[PDB]
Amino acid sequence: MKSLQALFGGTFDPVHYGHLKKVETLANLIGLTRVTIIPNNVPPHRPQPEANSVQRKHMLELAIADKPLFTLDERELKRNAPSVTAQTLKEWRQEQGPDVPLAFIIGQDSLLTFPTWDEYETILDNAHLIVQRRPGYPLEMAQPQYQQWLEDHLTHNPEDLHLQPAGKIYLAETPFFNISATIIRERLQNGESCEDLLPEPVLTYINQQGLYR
(Lines of atoms letter the chains of each structure in order from A and count residues from 1; the text may use other names and numbers.)
(Lines give C-alpha, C1' and ligand atoms only; values in the text may rest on other atoms or scores of the structure.)
Protein backbone atom coordinates (compact mmCIF):
# COMPACT_ATOMS: atom_id res chain seq x y z
CA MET A 1 0.00 0.00 0.00
CA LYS A 2 0.98 3.60 0.54
CA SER A 3 2.32 5.22 3.70
CA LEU A 4 -0.01 5.87 6.62
CA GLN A 5 -1.14 9.52 6.72
CA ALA A 6 -2.39 10.88 10.06
CA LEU A 7 -4.90 13.74 10.32
CA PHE A 8 -4.86 16.17 13.25
CA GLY A 9 -7.62 18.71 13.72
CA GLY A 10 -8.09 21.39 16.29
CA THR A 11 -9.07 24.98 16.74
CA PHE A 12 -5.40 26.23 16.82
CA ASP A 13 -5.92 29.59 18.59
CA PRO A 14 -2.94 29.70 18.68
CA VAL A 15 -1.02 26.55 17.66
CA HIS A 16 1.57 25.84 20.36
CA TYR A 17 4.33 23.49 21.48
CA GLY A 18 1.65 21.16 22.88
CA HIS A 19 0.15 20.60 19.45
CA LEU A 20 3.46 20.19 17.65
CA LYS A 21 5.74 18.42 20.17
CA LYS A 22 3.06 15.97 21.25
CA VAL A 23 2.45 14.84 17.66
CA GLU A 24 6.03 14.76 16.56
CA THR A 25 6.77 12.72 19.65
CA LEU A 26 3.98 10.37 18.51
CA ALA A 27 5.50 10.19 15.04
CA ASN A 28 8.74 8.85 16.45
CA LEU A 29 7.17 5.83 18.25
CA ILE A 30 4.60 5.06 15.53
CA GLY A 31 6.55 5.65 12.33
CA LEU A 32 4.40 8.53 11.09
CA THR A 33 5.95 9.98 7.93
CA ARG A 34 3.10 12.44 7.20
CA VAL A 35 0.81 14.49 9.50
CA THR A 36 -1.80 16.80 7.96
CA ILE A 37 -3.01 19.54 10.32
CA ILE A 38 -6.68 20.35 9.72
CA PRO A 39 -7.65 23.64 11.46
CA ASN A 40 -11.40 23.78 12.03
CA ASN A 41 -13.88 26.62 12.16
CA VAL A 42 -15.84 26.65 15.41
CA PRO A 43 -19.63 26.30 15.09
CA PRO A 44 -21.40 29.51 16.04
CA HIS A 45 -23.06 28.06 19.17
CA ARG A 46 -19.55 27.87 20.76
CA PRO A 47 -17.18 30.71 21.70
CA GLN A 48 -15.50 31.82 18.51
CA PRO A 49 -11.67 31.93 18.28
CA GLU A 50 -9.83 35.15 19.09
CA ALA A 51 -7.47 35.09 16.10
CA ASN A 52 -9.37 35.11 12.89
CA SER A 53 -9.46 32.37 10.32
CA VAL A 54 -6.62 34.00 8.33
CA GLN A 55 -4.32 34.66 11.28
CA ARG A 56 -4.69 31.08 12.53
CA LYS A 57 -3.46 29.93 9.10
CA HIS A 58 -0.53 32.35 9.21
CA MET A 59 0.35 31.27 12.75
CA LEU A 60 0.14 27.63 11.63
CA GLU A 61 2.13 28.23 8.41
CA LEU A 62 4.98 29.93 10.29
CA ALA A 63 4.98 27.13 12.91
CA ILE A 64 5.08 24.23 10.40
CA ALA A 65 7.31 25.69 7.73
CA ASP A 66 10.55 24.12 8.88
CA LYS A 67 8.97 20.81 9.96
CA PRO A 68 8.56 18.47 6.98
CA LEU A 69 6.50 16.11 9.14
CA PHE A 70 3.52 18.53 9.15
CA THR A 71 1.49 19.71 6.19
CA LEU A 72 -1.44 22.12 6.45
CA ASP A 73 -4.96 21.49 5.09
CA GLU A 74 -7.36 24.41 4.90
CA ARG A 75 -10.58 22.59 3.89
CA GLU A 76 -12.39 23.74 7.01
CA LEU A 77 -11.22 27.34 6.66
CA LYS A 78 -12.58 27.57 3.09
CA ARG A 79 -15.73 25.53 3.96
CA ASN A 80 -19.02 27.43 4.16
CA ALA A 81 -20.76 24.87 6.41
CA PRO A 82 -19.68 24.37 10.05
CA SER A 83 -17.04 21.77 10.64
CA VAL A 84 -18.15 18.14 11.35
CA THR A 85 -15.29 15.77 12.15
CA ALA A 86 -16.63 12.56 10.60
CA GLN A 87 -17.35 14.59 7.46
CA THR A 88 -13.77 15.60 6.81
CA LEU A 89 -12.66 11.99 7.05
CA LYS A 90 -15.35 10.89 4.56
CA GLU A 91 -13.74 13.33 2.14
CA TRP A 92 -10.22 12.08 2.94
CA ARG A 93 -11.28 8.48 2.39
CA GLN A 94 -13.10 9.56 -0.75
CA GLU A 95 -10.12 11.48 -2.16
CA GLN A 96 -7.35 9.18 -0.96
CA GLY A 97 -8.93 5.86 -1.92
CA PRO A 98 -9.95 2.81 0.10
CA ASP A 99 -6.51 1.21 0.43
CA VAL A 100 -4.34 4.01 1.91
CA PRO A 101 -4.12 3.84 5.72
CA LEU A 102 -5.63 6.92 7.40
CA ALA A 103 -5.40 7.93 11.06
CA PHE A 104 -7.07 10.73 13.00
CA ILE A 105 -5.35 12.06 16.12
CA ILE A 106 -7.59 12.89 19.10
CA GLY A 107 -6.96 13.35 22.81
CA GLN A 108 -7.89 10.87 25.55
CA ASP A 109 -10.60 13.12 26.98
CA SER A 110 -12.12 13.35 23.47
CA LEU A 111 -12.26 9.52 23.38
CA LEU A 112 -14.05 9.56 26.73
CA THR A 113 -16.79 11.80 25.22
CA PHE A 114 -16.58 10.14 21.81
CA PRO A 115 -19.92 8.48 20.95
CA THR A 116 -21.15 12.04 21.34
CA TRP A 117 -19.78 13.27 18.00
CA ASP A 118 -21.81 13.44 14.81
CA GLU A 119 -21.48 10.07 13.08
CA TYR A 120 -19.07 8.36 15.51
CA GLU A 121 -19.85 5.08 13.76
CA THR A 122 -18.49 6.41 10.47
CA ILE A 123 -15.12 7.55 11.74
CA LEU A 124 -13.75 4.07 12.32
CA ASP A 125 -15.09 3.01 8.91
CA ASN A 126 -12.91 5.61 7.10
CA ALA A 127 -9.82 5.92 9.32
CA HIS A 128 -8.13 4.62 12.38
CA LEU A 129 -8.11 6.85 15.33
CA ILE A 130 -4.96 7.30 17.48
CA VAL A 131 -5.69 8.46 21.01
CA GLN A 132 -3.30 10.81 22.88
CA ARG A 133 -3.22 9.15 26.28
CA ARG A 134 -3.78 11.72 29.05
CA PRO A 135 -1.50 10.26 31.73
CA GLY A 136 -2.81 9.89 35.27
CA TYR A 137 -6.42 9.65 34.22
CA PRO A 138 -8.29 6.28 34.09
CA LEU A 139 -9.54 4.60 30.93
CA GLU A 140 -13.24 5.01 31.70
CA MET A 141 -15.80 5.30 28.90
CA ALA A 142 -19.02 7.24 29.49
CA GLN A 143 -21.69 4.57 28.98
CA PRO A 144 -20.59 1.01 29.71
CA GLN A 145 -21.97 -0.23 26.41
CA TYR A 146 -19.49 1.49 24.20
CA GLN A 147 -16.82 0.56 26.60
CA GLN A 148 -17.07 -2.73 24.67
CA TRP A 149 -16.81 -0.77 21.40
CA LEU A 150 -13.38 0.41 22.62
CA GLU A 151 -11.71 -2.95 23.35
CA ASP A 152 -13.28 -4.46 20.26
CA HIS A 153 -11.27 -2.17 18.03
CA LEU A 154 -8.39 -1.48 20.45
CA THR A 155 -4.94 -2.77 19.32
CA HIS A 156 -1.38 -2.64 20.72
CA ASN A 157 0.29 -3.45 17.43
CA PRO A 158 1.25 -0.31 15.53
CA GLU A 159 1.44 -2.43 12.34
CA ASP A 160 -2.33 -2.42 12.21
CA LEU A 161 -2.22 1.30 11.51
CA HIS A 162 0.20 0.82 8.61
CA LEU A 163 -1.04 -2.55 7.20
CA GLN A 164 -4.80 -1.84 7.21
CA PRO A 165 -6.76 1.16 5.93
CA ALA A 166 -8.92 1.68 9.02
CA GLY A 167 -10.89 0.23 11.91
CA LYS A 168 -8.46 0.14 14.88
CA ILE A 169 -7.71 2.33 17.89
CA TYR A 170 -4.18 2.87 19.22
CA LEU A 171 -3.42 4.47 22.62
CA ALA A 172 -0.11 6.41 22.58
CA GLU A 173 1.98 7.51 25.60
CA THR A 174 2.78 11.25 25.06
CA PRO A 175 4.78 13.75 27.15
CA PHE A 176 3.06 16.31 29.37
CA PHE A 177 3.30 20.02 28.57
CA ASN A 178 1.49 22.35 30.89
CA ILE A 179 0.35 24.48 27.94
CA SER A 180 -2.99 25.01 26.18
CA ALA A 181 -4.54 27.73 24.08
CA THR A 182 -6.28 28.91 27.26
CA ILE A 183 -3.08 28.98 29.35
CA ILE A 184 -1.36 30.98 26.61
CA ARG A 185 -4.00 33.71 26.26
CA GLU A 186 -3.91 34.31 30.05
CA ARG A 187 -0.15 34.82 30.33
CA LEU A 188 -0.31 37.32 27.41
CA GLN A 189 -3.33 39.23 28.79
CA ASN A 190 -1.36 39.47 32.05
CA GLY A 191 1.99 39.87 30.31
CA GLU A 192 4.06 37.00 31.67
CA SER A 193 6.62 35.30 29.38
CA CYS A 194 5.66 32.86 26.65
CA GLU A 195 8.78 31.86 24.69
CA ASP A 196 8.73 28.45 26.38
CA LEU A 197 5.18 27.70 25.24
CA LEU A 198 5.10 29.00 21.65
CA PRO A 199 7.27 28.81 18.52
CA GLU A 200 9.28 32.00 18.19
CA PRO A 201 7.84 32.71 14.68
CA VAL A 202 4.31 32.39 16.14
CA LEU A 203 4.87 34.36 19.35
CA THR A 204 6.37 37.11 17.12
CA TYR A 205 3.31 36.89 14.86
CA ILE A 206 1.08 37.18 17.87
CA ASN A 207 2.86 40.27 19.11
CA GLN A 208 2.83 41.89 15.65
CA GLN A 209 -0.86 41.31 15.07
CA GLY A 210 -1.49 42.35 18.72
CA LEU A 211 -3.35 39.11 19.48
CA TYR A 212 -4.56 38.02 22.94
CA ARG A 213 -4.01 41.41 24.55
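Residue positions are given as counts along the sequence shown, with the first one as 1.
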Looking only at C-alpha temperature factors in the entry, 180-188 or 58-66, the higher average sits in 180-188
Taking the mean of the C-alpha B-factors per stretch from the entry, tell me the winner out of 39-47 and 142-150. 142-150
Going by the deposited entry, which of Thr204, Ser193, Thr11, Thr25 has the highest CA temperature factor? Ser193
Among the candidates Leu102, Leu77, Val84, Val131, give the one with the maximum CA B-factor reported in the record. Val84
Chain thirds of CA B-factor: placement of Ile123: highest
Thinking about Cα B factors across the chain, which third does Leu7 belong to? lowest
Position of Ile106 among the chain's modelled residues by C-alpha B-factor, lowest, middle or highest third: lowest
Please place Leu112 in the lowest, middle or highest third of its chain by C-alpha B factor as given in the entry. highest
